[PDB]
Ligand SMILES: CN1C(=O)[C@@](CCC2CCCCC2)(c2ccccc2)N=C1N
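Shown next as structure tokens: one chain only, the form solved without the ligand.
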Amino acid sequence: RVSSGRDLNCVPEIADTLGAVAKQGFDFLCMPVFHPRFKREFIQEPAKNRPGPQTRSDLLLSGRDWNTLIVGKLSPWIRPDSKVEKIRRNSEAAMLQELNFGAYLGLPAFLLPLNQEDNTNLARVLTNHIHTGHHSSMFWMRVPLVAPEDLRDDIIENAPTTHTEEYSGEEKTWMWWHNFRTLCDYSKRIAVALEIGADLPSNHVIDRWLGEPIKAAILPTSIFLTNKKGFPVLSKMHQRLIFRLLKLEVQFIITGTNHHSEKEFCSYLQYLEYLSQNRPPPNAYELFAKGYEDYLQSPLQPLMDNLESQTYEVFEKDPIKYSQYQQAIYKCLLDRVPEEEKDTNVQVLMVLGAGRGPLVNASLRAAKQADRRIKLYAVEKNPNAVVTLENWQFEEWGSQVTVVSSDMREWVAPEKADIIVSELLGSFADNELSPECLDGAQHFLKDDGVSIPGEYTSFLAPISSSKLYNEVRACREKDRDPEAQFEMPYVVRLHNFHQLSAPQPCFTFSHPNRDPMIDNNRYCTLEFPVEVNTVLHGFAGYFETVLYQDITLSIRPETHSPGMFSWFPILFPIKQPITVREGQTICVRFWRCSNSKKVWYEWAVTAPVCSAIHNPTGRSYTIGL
């Protein structure tokens, strides 16, 4: 189902009108709070002293109805950026009045127009209103895909419509919004109500609106094509945009009068409900991911802290990771022990970081698959899960599995291993200190011993998302650096965002690492070709890993493992947003750093402009060893 409402600029009887639109199936109504034509004077007499009442009474609707059903609309005559001073001052006062009345009524949202380039004073007055009184209201900026000036019929003989292409000029509508929200200092209370015209603009200017706080889409009745049965429909490319917007879970606003007079009004709405019913049902990944969209998770301590019982439980339900791990061992055994040796050569397998034991069972299922004999050690640092392991081992596995309750970096092994199996990976591959762990463990791997996984690689891609930039910004806490929130990565199912260039490999680690002077510190420079105008807010992190040979896992979108919800992407924010023009190159630098006690990332942007070096020294975030 879609959440949707009716736009109106004419309300004769509030009680009747709301009834009619509710019967039509609309969840809410966009209406004016004062009469749209009722210009009011605030400064000079006699108009100043106009006898009231100034508008309708609040008593006409229930508190609940005001809170849930009514979206306020700024009077169209209110023009805070007029060239005329008198009009400017009056609109100022008028805007405050109307806004305050919305707040007084407790309306959930209130609409305001962006229909010209200069909205500087409108932004001021809005901003000032936001910092007066304590209210929760949301503000929807009505802004169209195509500026009304660029939609006009080519009918002014002496002033024709420029038919030449202007790449930036066709994007001018986004800049209207960008300037406005920048002036308003990215308030979480100012969102976008995007108007969709009859002719969709080129794809690039549509894409501009990716990562933007779109709460509403506006569909004028006029944009609807009619089918051979006389019913309202939309073009194939209009449907495209509707599907995109559906995923973004926006509310839909139907504006304008009925232009398909033969059928009831709910027909327009019925088409949206039809389109909503028609989108492809959620995939395996999207069933588990749903509810996590653009939700930020702080860096956790894989070593210094212990995972809760339910954390293990959720991740144990992965439909692919364990199957993949089983296969990786299965292939490795067959390679390590020939058919004629299937009873003379028993393979020593060590699960390093066993958790509650699923990789142990995966090792047992792989032995019976390959018809080979294995001896199992199950090493785990988390004494709490070591409870589950020892209970598994006594009740089920028996003497085949030795359970070891310690850190792998510390354990003194009775025998060396044929194969060390581990899953110590973060969203950015090595950000849960898998390299450091397996490094201090490879001394008890045989000189020809296989490590699973064999290698892993991190990937980075620059992103634009004013939404997520705002989420990070809101992560300021007392008693720490007021900007520390920007100098740490966040695990997040990135959703309302725009990838600005293709992911490129960042850091790679091999296991085993028999390199003489073992060093896990890194420094990598990356150059990202960007071919759209945009605003950079950070870098998305992904990883790929080779378990064994052609058996792999990936969260890198291009090569993503199907249905694998175990890892969300990571986000490296930047303190200040960076404007990027079409054709420019974003150059980022990432360092992996460490001392004996902790490991951390440091990063910076060097092109098109320089950022501050982020998290220097690990002042905001480190992972403890």
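From 1 onward, residues are counted along the sequence shown. Shifts are known only where both forms have a C-alpha. In this text, the rigid core denotes the largest set of C-alpha atoms whose superposition between the two forms falls within 1.5 Å.
Per the PDB record, of the two stretches 275-283 and 347-355, 275-283 carries the greater mean B-factor over its C-alpha atoms.
Checked against the record, the higher mean CA B factor of 137-145 and 155-163 lies with 155-163. Ranking 195, 185, 199, 544 by Cα temperature factor from the entry places 199 first.
Looking only at 585, 44, 559, 576, the residue with the top Cα B factor in the deposited structure is 44. Annotation for residue 50: C-alpha temperature factor in the highest third relative to the rest of the modelled chain, per the entry. Remark: residue 207 belongs to the highest third of its chain, ranked by C-alpha B-factor as recorded. The entry lists a Cα temperature factor for residue 291 that places it in the highest third of the chain's modelled residues.
Split the chain's modelled residues into thirds by C-alpha temperature factor. Residue 428 is in the lowest one. In the PDB entry, a CA B factor belonging to the highest third of its chain's modelled residues is recorded for residue 338.
Separately, the form deposited with the ligand bound exists; it is not shown, and the next lines address it.
With the site C-alphas superimposed, the ligand pose in the bound PDB entry sets the ligand onto this chain such that three or more atoms are within 2.4 Å of backbone or C-beta atoms; a blocked site results.
Heavy atoms of residue 30 never reach within 4.5 Å of the ligand in the bound PDB entry, leaving it off the interface.
Among heavy atoms of residue 42, none comes within 4.5 Å of the ligand in the bound PDB entry. In the bound PDB entry, residue 509 approaches the ligand with a heavy atom inside 4.5 Å. Taking non-hydrogen atoms only, residue 573 never approaches the ligand to within 4.5 angstroms in the bound PDB entry. Contact with the ligand in the bound PDB entry, defined as any heavy atom within 4.5 Å, is confined among 539-547, 226-234, 197-205, 239-247 to 539-547.
The contact with the ligand in the bound PDB entry, taken as any heavy atom within 4.5 Å, belongs to 555 out of 535, 419, 114, 555. This chain is drawn without the ligand; in the bound PDB entry, the residue among 102, 503, 213, 435 with a heavy atom within 4.5 Å of it is 435. In the bound PDB entry, 456, 458, 459, 460 are the residues of 446-472 with at least one heavy atom within 4.5 Å of the ligand, listed from first to last. The residue that stands out in 485, 427, 466, 545 is 427, the single one whose Cα moves by 2 angstroms or more between this form and the one not shown on a rigid core fit. With the core held fixed, the Cα of residue 530 is displaced between this form and the one not shown by less than 2 Å. When the rigid core is held fixed, the Cα atom of residue 304 travels 2 angstroms or more between this form and the one not shown. In this overlay on the rigid core, residue 238 has a C-alpha that sits less than 2 Å away from its partner position between this form and the one not shown. In contrast to the form presented, in the bound PDB entry the C-alpha positions of residue 426 and residue 618 spread farther apart by 3 Å or more. Between residue 304 and residue 413, the Cα spacing is larger in the bound PDB entry than in the shown form, differing by no less than 3 Å. Core aligned; runs of 3 or more residues with all CA shifts at 2 Å or more between this form and the one not shown: 280-282, 298-306, 424-432, 494-497, in sequence order.
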